[PDB]
Amino acid sequence: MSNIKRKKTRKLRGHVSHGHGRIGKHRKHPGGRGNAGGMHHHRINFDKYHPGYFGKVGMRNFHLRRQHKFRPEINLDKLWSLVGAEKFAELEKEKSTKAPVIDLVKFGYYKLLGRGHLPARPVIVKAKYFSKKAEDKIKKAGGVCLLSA
Amino acid sequence: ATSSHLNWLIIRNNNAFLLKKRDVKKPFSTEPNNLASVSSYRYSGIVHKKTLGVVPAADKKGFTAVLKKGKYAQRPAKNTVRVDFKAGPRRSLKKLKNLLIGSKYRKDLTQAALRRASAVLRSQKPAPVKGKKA
Amino acid sequence: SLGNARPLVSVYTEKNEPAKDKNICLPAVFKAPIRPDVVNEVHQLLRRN
Amino acid sequence: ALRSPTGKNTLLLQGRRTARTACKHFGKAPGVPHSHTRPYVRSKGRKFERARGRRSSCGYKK
Amino acid sequence: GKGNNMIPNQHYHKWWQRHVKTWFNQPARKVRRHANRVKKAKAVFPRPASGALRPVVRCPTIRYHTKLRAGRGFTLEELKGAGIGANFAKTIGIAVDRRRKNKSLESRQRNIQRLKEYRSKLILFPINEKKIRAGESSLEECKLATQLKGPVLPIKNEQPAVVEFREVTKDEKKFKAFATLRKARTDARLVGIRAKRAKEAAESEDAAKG
Amino acid sequence: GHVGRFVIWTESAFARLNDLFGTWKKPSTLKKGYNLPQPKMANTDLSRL
RNA sequence: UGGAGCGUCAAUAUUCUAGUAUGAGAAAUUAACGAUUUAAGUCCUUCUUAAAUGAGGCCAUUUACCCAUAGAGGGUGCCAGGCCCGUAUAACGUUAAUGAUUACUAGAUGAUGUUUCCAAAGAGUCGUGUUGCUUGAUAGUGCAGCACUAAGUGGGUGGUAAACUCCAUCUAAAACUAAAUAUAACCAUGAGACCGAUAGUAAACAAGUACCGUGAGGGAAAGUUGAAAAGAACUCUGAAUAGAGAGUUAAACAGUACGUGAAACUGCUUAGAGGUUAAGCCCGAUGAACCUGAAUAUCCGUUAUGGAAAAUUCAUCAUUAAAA
RNA sequence: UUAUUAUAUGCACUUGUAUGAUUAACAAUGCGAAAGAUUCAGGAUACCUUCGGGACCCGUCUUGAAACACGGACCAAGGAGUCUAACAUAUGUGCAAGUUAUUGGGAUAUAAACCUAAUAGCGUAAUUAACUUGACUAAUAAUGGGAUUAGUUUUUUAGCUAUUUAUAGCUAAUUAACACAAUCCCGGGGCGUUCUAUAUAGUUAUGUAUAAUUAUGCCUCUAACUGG
RNA sequence: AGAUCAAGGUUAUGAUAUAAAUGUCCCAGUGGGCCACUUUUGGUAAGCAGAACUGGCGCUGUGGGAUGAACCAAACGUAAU
RNA sequence: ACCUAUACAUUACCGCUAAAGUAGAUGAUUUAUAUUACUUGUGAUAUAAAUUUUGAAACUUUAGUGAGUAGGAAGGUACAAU
RNA sequence: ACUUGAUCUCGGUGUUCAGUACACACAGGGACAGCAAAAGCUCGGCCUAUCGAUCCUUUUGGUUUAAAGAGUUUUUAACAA
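Chains as they are written, first to last, in PDB author numbering: chain D, 1 to 149; chain P, 2 to 135; chain S, 2 to 50; chain X, 127 to 188; chain Z, 2 to 211; chain U, 247 to 295.
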């Protein structure tokens, strides 16, 4: 299924030692099978290129379950693409019968972080969580970061 | 869409008339509208209505019926068929070549078309000659 | 840009029938790019099934 | 080119060629105070290249 | 050997070549399984083609609070709470499975009203065609009314996208909901050590009487 | 891999191509979210360029 | 994940369900299977002269002999839709399954709340200790052996051992059970970017054969005359298989190494030559032999000038009709 | 003043010299010759004949092979860098904060193609051993800022071709502006760890003040929170 | 030590530019060397042993030294002069 | 004096490497001549004849230049199938 | 004479160098100190040797984080030297 003329064997055939050397022939396994031995005769290769192999840092959690750390993330950077931008122009006349209502857990997200630099309208954000800067940089604009259940 | 340069880079190499022959670096089209039979870009089946050629006859020897391009009344989405028109000069072996320069002025094939009608009129002739030697 | 650009495709019927009053417009796939390099690369692969 | 063939009143820009994350790994001696260049791990966690040669307790700090 | 590449872990040391599965009959198991559904939907009846009723919402964990485990039960209170016929529900095709110990009012209602939506569209063939207690009809016998055996029995499937553009637009939005979270966590952190302090404050005064 | 088989549309075949691959103006209805591909060069006639 | 009876409320009870006979349907449907029909040219000329399946021809029907829901495949002296078996649609046929009604068989009135009434439930087993194997299973994941050996608001589990308070969750130590799932074997089929007789199975064939080993076991080689045997009569010579004539075929340069028939190696003929690098060989030439390629409108011009023929949308031509 | 040199040769017309990698004029020889067929040149094609010159046997390992190194008598068939899995880079292609039917389902013409719901991977946000925590003063900003910047706008100046002397192109002199990409410096944030400020007052609520969890006062025992 | 202004002539030895600068693939091979001038250590010496510099051989044919891996000339597309 | 290399040099040819040029052909360009604006003089117009495609993946111009194992890259070439 | 700087902390440099790690050394910032009237000097030995990963065991440190149904205590583990 792979175009063989561009493979080297179509081309190296036939000069004699097939690209692998007269002195230092292509033998079976001249260094070790696999990660042998990254602690004796491959150690330079294993630190560089992978510092941190060969130890134990520690706290064992027998049977981690991947729900107790779920918490999907969203910054204030989006937050307003979740309502339409075509529903951003109308509150940008200016006219504030709004903040809107954003229910970030109905979308998929829990943690509202604060990267952001979001506009001067208020928002009403029902998410399950907070950043310190998500609470500030919303309530400065008027609205409120609110707890989803 | 349709332009003779987009049409040609699709056709340039994967053609069905181009039939290159074995040393000669990439030429020959066996087209019915080529008149200098290589494959250039502007000797070609469809180059979109610069498509003139020179055909005999049907009656050998007098004619050369000339399929003149059937032009820009056509897209050339086809025509309730028109697009080959076949005005065929006759009757004088070296007057009609003036009457082909006189006919068309599409100055790109012009000296390579009456270069062909001559080379048909060179060929259809030789019946009552090449005889006796008594 | 256009979708129209040659915007009348006549319909024909069994007796070679140029004439209808039905003249439908060129349906705008026919301006989209011809790319034989991607067609050949989808064809290479899809007929391996 | 049919409008500005010479390019009068145009702004010819290009996004960053090393924006991408293949470029994050070029090139790596741990032992210099400036590498910061992203190994080829399979997965992010503890017990994945995080122990000996990264921490001053286990082994050394790179 | 050589280079900066990604320590390998391919698990090919165990005479694996005798464990290989082909998948070349992926297509004619799709064809087998489909010709059986056609076979089985005709060998029922006008009866629905899937077809049980399959209750729930509320898949368990915190990821899927909402996207269903696929409802085995209908948990006999929901039958008894919905006008049937607990043994009888099985004879229709309601799938009565008596292992679920319904833990909510609202989950019990969610399926009771599901058991009222269907059973209001569930047409009933009579037995002896006198039909003293129908409750639906015999002129809504399926030839007259439906005869459909339509294909899916849908689950009403989960709105939440949304976004419903509202004014609340609060006045008492002066309340520090980021710090209720910091206050809630330590409340749950120090339950016991407050309760130990709620022992010495309940016992140091008993050293005053003696 | 070779584009352009000689093709014959019937009438109600031809009148559906503005739905399948939708149009230049609007997307398609029969292919969810599909949007006709845009060429790298819209005018594509060099000899008039 | 329990019940049994009572009160009890509601509905209701010539009744339906299950089953065997059941002719359902004036054979009715559906499915299997063998079927069963070949639809349509062996129509005319050419090469084979050994054979057309090839090659050319067949009014028109906007040009195609005919059929085509049948241009899958195979057989036929060469490449066959129309020669033949089939193929497509189907009929035809025997099977089966859907039992309408009727009979006997056998069973059966609840579901509904309530609090009354007795409201149980698997031990040398669980579990602990220890040992051994085992697992991702970690102060034990499973399993087993041995000493110990239970309880009944009990007992198990709740990925960190331990007491103590609770919470959550199921009911061990007894029994069944279709479907999805698996399939180098067995019956019966259809395929393929596979191999093409040193390949593919070892084996395309009298192949697990011939042979070898005391045994266990081991294990080959081996396809092709031609369309048809028309398989060479007969004659001569021989002691003879055989040779030489003859015969057969399109062909014996297809005669049982039977299609092709390569190389290696060589008997014979013809050519030239021979005491040195052993021979080969490179480069320049050579004798012999064979061979390949070769040219027409001008100096100090595609100029001066006379003869014929035919003919013309050409003229100074003119109208006219188009189609671009 | 003695000399010297250049400029002041248009119109025609030559077979003239030069210069377009400066070879061409004159003759001789011989007819592509209808099929038929000679002349002149050439042919180490692949050999034989005659001489001269050169010329060690290949493959291999090796510092070094013609080697008194190993394999090879010769010939035909066979005969050795592959499938897979997972990465990484480069290039091609599709879509782009996304993308990816393919486990399945549906349509259905047939192990294809088409269509498609719920997910799911990977990406979009990270860092801690962990619990915590979670990305620029700000409704705006590409390492914020700084250099070195290709390029577009722009400055006036003589100025160049055209000039109507309008309008271009040109160099720059040179003004200003944004400065893409890339690298080089200085920052700033997230998280971690550490020092340090709090002597802390104080910032918000429980509490507290009252009414009736509730209402409002306000101190702050308490928790939260600010700081370099 | 810096951030913005002011002044600065003709850009501050010579000769060079077969293009230089920079990433990635740290991709192939290699990680047995031998020879030589001058320097040099061990050995009595060695066509021995071990180092420093430059150039070669390895990988390299051709001319010369009758002969030769390194010597002296010279580095190699096919040809004429 | 003279002989002698695959060196030096000048030329033909092959490749490489590095530059440079060409695409309005219902256009460009000749040669004449009729007319002409006329600027004396040279252009513009009509006629008659003539030349003027290239797989632009092409064509044209110019200069330097050529050792090679192990080894890498490009372009061809044989075999068989879809 | 008097002393504990033979201390505590954060990075950086020299050497070995692959320009990796230990180890030794050095130039500093922070803190706490010693001697000295002060300036100053001291981060062991006047300078060039006097040394040792992972895993495991261990101890000292937080007034620590975790044992994933919930509380407290034992225990085990983690992190730093």
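Idealized CB from N, CA, C, for every residue including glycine.
For the beta strand (DSSP E) containing residue i, list its first residue and its last residue.
i: residue 125(D); result: 124-127
i: residue 144(D); result: 144-147
Can you name the residues of chain P whose CB is closer than 7 Å to the CB of residue i?
i: residue 7(S); result: 76 and 78
Quick check on the burial criterion: 16 or more other C-beta atoms within 10 angstroms. Buried or exposed for residue i?
i: residue 64(P); result: buried
i: residue 47(D); result: buried
i: residue 149(X); result: exposed
i: residue 103(D); result: buried
i: residue 201(Z); result: exposed
i: residue 79(Z); result: buried
i: residue 26(Z); result: exposed
i: residue 180(X); result: buried
i: residue 131(D); result: buried
i: residue 84(P); result: buried
i: residue 23(Z); result: exposed
Chain U partners of residue i, CB-CB under 7 Å?
i: residue 34(S); result: 283 and 285
i: residue 7(P); result: 290
Just tell me which of the options has its CA closest to the CA of residue i.
i: residue 238(Z); options: 120(Z), 30(Z) and 60(Z); result: Since the first residue of chain Z shown is 2 and the last is 211, residue 238(Z) is not available in this structure.
i: residue 71(D); options: 129(D), 101(D), 143(D) and 146(D); result: 129(D)
i: residue 124(D); options: 101(D), 24(D) and 132(D); result: 101(D)
i: residue 278(U); options: 286(U), 285(U), 287(U) and 267(U); result: 267(U)
i: residue 17(P); options: 46(P), 23(P), 84(P) and 107(P); result: 46(P)
i: residue 9(S); options: 27(S), 35(S), 37(S) and 41(S); result: 27(S)
i: residue 19(P); options: 11(P), 10(P) and 29(P); result: 29(P)
i: residue 151(X); options: 157(X), 162(X), 173(X) and 187(X); result: 162(X)
i: residue 57(P); options: 117(P), 131(P), 133(P) and 50(P); result: 117(P)
Starting from residue i, find everything on chain X with Cβ-Cβ shorter than 9 Å and list it in chain order.
i: residue 24(D); result: What residue 24(D) touches in chain X: nothing, since even the nearest Cβ is about 27 Å away.
i: residue 5(Z); result: 151, 153, 154, 165 and 166
In the DSSP assignment, the alpha helix (DSSP H) including residue i goes from what residue to what residue?
i: residue 193(Z); result: 192-201
i: residue 35(Z); result: 28-43
i: residue 110(Z); result: 106-113
i: residue 97(Z); result: From DSSP, residue 97(Z) is part of no alpha helix (DSSP H); its letter is neither H nor E.
i: residue 166(Z); result: Run containing residue 166(Z): none; DSSP gives neither H nor E here.
i: residue 206(Z); result: Here residue 206(Z) belongs to no alpha helix (DSSP H), and DSSP marks it neither H nor E.
i: residue 265(U); result: 263-266
i: residue 37(S); result: 37-47
Can you pull the chain S residues whose beta carbon is under 7 Å from the beta carbon of residue i, in chain order?
i: residue 269(U); result: 4 and 29
Taking residue i as the query, report the chain U residues whose CB atoms sit under 8 Å from its CB, ordered along the chain.
i: residue 37(S); result: 247, 248 and 249
What residues of chain D sit near residue i, judged by a beta carbon separation below 8 Å?
i: residue 159(X); result: Result: empty, since nearest Cβ-Cβ is about 14 Å, beyond 8 Å.
State yes or no: is the C-beta of residue i nearer than 7 Å to some heavy atom of the ligand MG?
i: residue 289(U); result: Only the bare structure without any ligand can be found here, which leaves the ligand MG out of the picture.
For residue i, go through chain P and note every residue whose CB falls closer than 8 Å to its CB, in chain order.
i: residue 293(U); result: 4, 5 and 6
Along chain Z, in chain order, which residues have C-beta atoms closer than 9 Å to that of residue i?
i: residue 147(D); result: 178, 181 and 182
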